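Below: entry13.pdb (PDB, C-alpha atoms and all ligand atoms)
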```pdb
ATOM      1  CA  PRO V 147       0.000   0.000   0.000
ATOM      2  CA  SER V 148       1.512   3.334   1.118
ATOM      3  CA  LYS V 149       0.574   4.282   4.739
ATOM      4  CA  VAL V 150       0.193   8.009   4.047
ATOM      5  CA  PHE V 151      -0.960  10.690   6.539
ATOM      6  CA  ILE V 152      -4.330  12.362   5.933
ATOM      7  CA  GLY V 153      -4.985  15.320   8.236
ATOM      8  CA  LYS V 154      -5.608  15.083  11.990
ATOM      9  CA  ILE V 155      -8.649  14.057  14.075
ATOM     10  CA  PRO V 156      -9.267  15.580  17.613
ATOM     11  CA  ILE V 157      -9.717  12.898  20.266
ATOM     12  CA  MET V 158     -12.230  12.999  23.119
ATOM     13  CA  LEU V 159     -10.769  12.666  26.613
ATOM     14  CA  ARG V 160     -11.349   9.361  28.411
ATOM     15  CA  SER V 161     -12.352   7.082  25.550
ATOM     16  CA  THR V 162     -11.660   3.590  24.273
ATOM     17  CA  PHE V 163      -8.700   5.069  22.383
ATOM     18  CA  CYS V 164      -7.588   7.851  24.777
ATOM     19  CA  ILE V 165      -4.382   8.331  26.751
ATOM     20  CA  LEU V 166      -6.085   7.349  29.981
ATOM     21  CA  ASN V 167      -9.046   5.018  29.755
ATOM     22  CA  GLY V 168      -7.766   2.242  32.016
ATOM     23  CA  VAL V 169      -5.778   4.325  34.474
ATOM     24  CA  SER V 170      -6.156   3.806  38.248
ATOM     25  CA  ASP V 171      -7.050   6.714  40.523
ATOM     26  CA  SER V 172      -3.661   6.728  42.251
ATOM     27  CA  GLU V 173      -2.072   7.220  38.815
ATOM     28  CA  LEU V 174      -4.401   9.966  37.550
ATOM     29  CA  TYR V 175      -2.909  12.457  40.001
ATOM     30  CA  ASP V 176       0.679  11.886  38.834
ATOM     31  CA  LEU V 177      -0.546  13.253  35.538
ATOM     32  CA  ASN V 178      -2.229  16.339  37.051
ATOM     33  CA  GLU V 179      -5.736  15.043  36.408
ATOM     34  CA  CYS V 180      -8.799  14.688  38.610
ATOM     35  CA  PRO V 181     -10.395  11.282  39.430
ATOM     36  CA  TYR V 182     -13.725  13.056  39.184
ATOM     37  CA  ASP V 183     -13.445  14.257  35.597
ATOM     38  CA  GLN V 184     -15.744  12.086  33.542
ATOM     39  CA  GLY V 185     -14.507  13.107  30.112
ATOM     40  CA  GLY V 186     -17.107  14.154  27.580
ATOM     41  CA  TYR V 187     -15.144  17.051  26.162
ATOM     42  CA  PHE V 188     -12.489  18.041  23.644
ATOM     43  CA  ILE V 189      -9.493  20.281  24.267
ATOM     44  CA  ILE V 190      -9.123  21.895  20.856
ATOM     45  CA  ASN V 191      -6.917  25.051  20.736
ATOM     46  CA  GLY V 192      -6.316  24.739  24.484
ATOM     47  CA  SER V 193      -9.845  25.090  25.776
ATOM     48  CA  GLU V 194     -12.557  22.557  26.670
TER      49      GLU V 194
ATOM     50  CA  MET I   1      -9.769  22.292  52.946
ATOM     51  CA  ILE I   2      -9.164  21.219  56.579
ATOM     52  CA  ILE I   3     -11.508  21.948  59.460
ATOM     53  CA  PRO I   4     -12.655  25.618  59.614
ATOM     54  CA  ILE I   5     -11.183  26.295  63.104
ATOM     55  CA  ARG I   6     -13.584  28.364  65.211
ATOM     56  CA  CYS I   7     -17.209  27.514  64.539
ATOM     57  CA  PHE I   8     -19.239  29.743  62.357
ATOM     58  CA  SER I   9     -21.789  30.855  64.930
ATOM     59  CA  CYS I  10     -19.934  30.788  68.294
ATOM     60  CA  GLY I  11     -16.175  30.915  68.940
ATOM     61  CA  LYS I  12     -15.756  27.359  70.196
ATOM     62  CA  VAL I  13     -12.414  26.295  68.773
ATOM     63  CA  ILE I  14     -12.641  23.336  66.352
ATOM     64  CA  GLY I  15      -9.098  23.184  64.927
ATOM     65  CA  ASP I  16      -8.032  21.041  67.853
ATOM     66  CA  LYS I  17     -11.142  18.886  67.922
ATOM     67  CA  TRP I  18     -10.757  16.839  64.694
ATOM     68  CA  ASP I  19      -7.398  14.998  64.750
ATOM     69  CA  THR I  20      -9.291  13.450  67.675
ATOM     70  CA  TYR I  21     -12.767  13.391  66.162
ATOM     71  CA  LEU I  22     -12.044  11.212  63.129
ATOM     72  CA  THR I  23     -10.394   8.746  65.555
ATOM     73  CA  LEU I  24     -13.832   7.652  66.808
ATOM     74  CA  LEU I  25     -16.414   7.458  64.000
ATOM     75  CA  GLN I  26     -13.924   5.157  62.277
ATOM     76  CA  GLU I  27     -11.948   4.026  65.324
ATOM     77  CA  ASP I  28     -13.946   3.262  68.487
ATOM     78  CA  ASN I  29     -17.343   2.016  67.231
ATOM     79  CA  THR I  30     -19.159   5.088  68.692
ATOM     80  CA  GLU I  31     -21.901   6.966  66.768
ATOM     81  CA  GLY I  32     -22.009  10.321  65.071
ATOM     82  CA  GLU I  33     -23.302  10.751  68.615
ATOM     83  CA  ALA I  34     -19.753  10.364  69.945
ATOM     84  CA  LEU I  35     -18.766  13.992  69.282
ATOM     85  CA  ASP I  36     -21.050  14.731  72.258
ATOM     86  CA  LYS I  37     -17.935  13.574  74.092
ATOM     87  CA  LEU I  38     -16.135  16.682  72.838
ATOM     88  CA  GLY I  39     -18.289  19.334  74.494
ATOM     89  CA  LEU I  40     -20.726  19.898  71.639
ATOM     90  CA  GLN I  41     -24.049  20.714  73.303
ATOM     91  CA  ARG I  42     -24.932  23.553  70.930
ATOM     92  CA  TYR I  43     -26.330  22.982  67.439
ATOM     93  CA  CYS I  44     -24.387  24.629  66.335
ATOM     94  CA  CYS I  45     -20.812  24.566  65.562
ATOM     95  CA  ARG I  46     -21.003  20.900  66.117
ATOM     96  CA  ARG I  47     -22.418  20.692  62.642
ATOM     97  CA  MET I  48     -18.950  21.877  61.841
ATOM     98  CA  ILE I  49     -16.871  18.801  62.234
ATOM     99  CA  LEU I  50     -19.895  16.854  60.991
ATOM    100  CA  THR I  51     -20.683  18.550  57.751
ATOM    101  CA  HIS I  52     -17.086  18.881  56.746
ATOM    102  CA  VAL I  53     -15.139  17.607  53.682
ATOM    103  CA  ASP I  54     -11.463  16.525  54.034
ATOM    104  CA  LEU I  55     -10.375  18.256  50.812
ATOM    105  CA  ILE I  56      -6.631  18.237  51.416
ATOM    106  CA  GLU I  57      -5.542  14.586  51.493
ATOM    107  CA  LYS I  58      -7.100  14.498  48.001
ATOM    108  CA  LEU I  59      -5.493  17.836  47.070
ATOM    109  CA  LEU I  60      -2.031  17.340  48.651
ATOM    110  CA  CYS I  61      -1.201  14.608  46.136
ATOM    111  CA  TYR I  62      -0.350  16.906  43.221
ATOM    112  CA  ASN I  63       3.385  17.360  44.133
ATOM    113  CA  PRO I  64       5.276  19.971  42.046
TER     114      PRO I  64
HETATM  115 ZN    ZN K 201     -20.862  27.145  67.153
END
```

Give the structure from this file in structure tokens form.
Amino acid sequence: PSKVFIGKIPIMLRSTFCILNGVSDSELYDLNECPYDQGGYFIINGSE
Amino acid sequence: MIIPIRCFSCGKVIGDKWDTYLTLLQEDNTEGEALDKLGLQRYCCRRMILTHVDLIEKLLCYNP
């Protein structure tokens, strides 16, 4: 094939394919997050 | 964040009376009623240690 890049798609926090998903509470802090956040939002251009 | 210290209505100090409070409702099998053993006859302020949220253990773990 060719595996070529085609623009970029903004991910939604706490998803099946997010950077967190299966992360334990004790490890959410290390990352400066909050065990209460329930995702739902996008952080495009720096703002929710 | 941490007990208020000095109840809202009276002056009765409550900064002292928590390091000892929590060591009963989870460490002596006494009731919410146990605070009565801390000189809390008034409403009053005694709804101070009771209606409180320990928001610092869960805030302190953000180390710079
Ligand atoms: Zn009072």

Review point. Quick one: which residues from chain I are at most 10 Å off chain V, using only C-alpha atoms, as an MDAnalysis selection string?
Key: chainID I and resid 58:64

Export, as a compact mmCIF listing (two decimals), in the frame of the given file, the selected residues with C-alpha atoms.
```txt
# COMPACT_ATOMS: atom_id res chain seq x y z
CA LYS I 58 -7.10 14.50 48.00
CA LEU I 59 -5.49 17.84 47.07
CA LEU I 60 -2.03 17.34 48.65
CA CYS I 61 -1.20 14.61 46.14
CA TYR I 62 -0.35 16.91 43.22
CA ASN I 63 3.38 17.36 44.13
CA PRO I 64 5.28 19.97 42.05
```

Exercise for review: Convert the output of the PyMOL selection byres (((chain I and resi 32-37) around 9) and not hetatm) on the shown file into explicit residues, formatted as a PyMOL selection string.
Suggested key: chain I and resi 21+24-25+30-31+38-41+46+49-50

Exercise for review: Please provide as a VMD selection string all residues within 9 Å of residue I:48, with the sequence filter that same-chain residues fewer than 2 positions apart are discarded (counting only C-alpha atoms).
Suggested key: chain I and resid 3 to 4 7 to 8 14 44 to 46 50 to 52

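Nearest to residue V:161 of all the residues V:149, V:173, V:187, V:182 is V:187, based on only C-alpha atoms.
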
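Atom to atom, atom CA of residue I:54 and atom CA of residue V:169 stand 23.7 Å apart.
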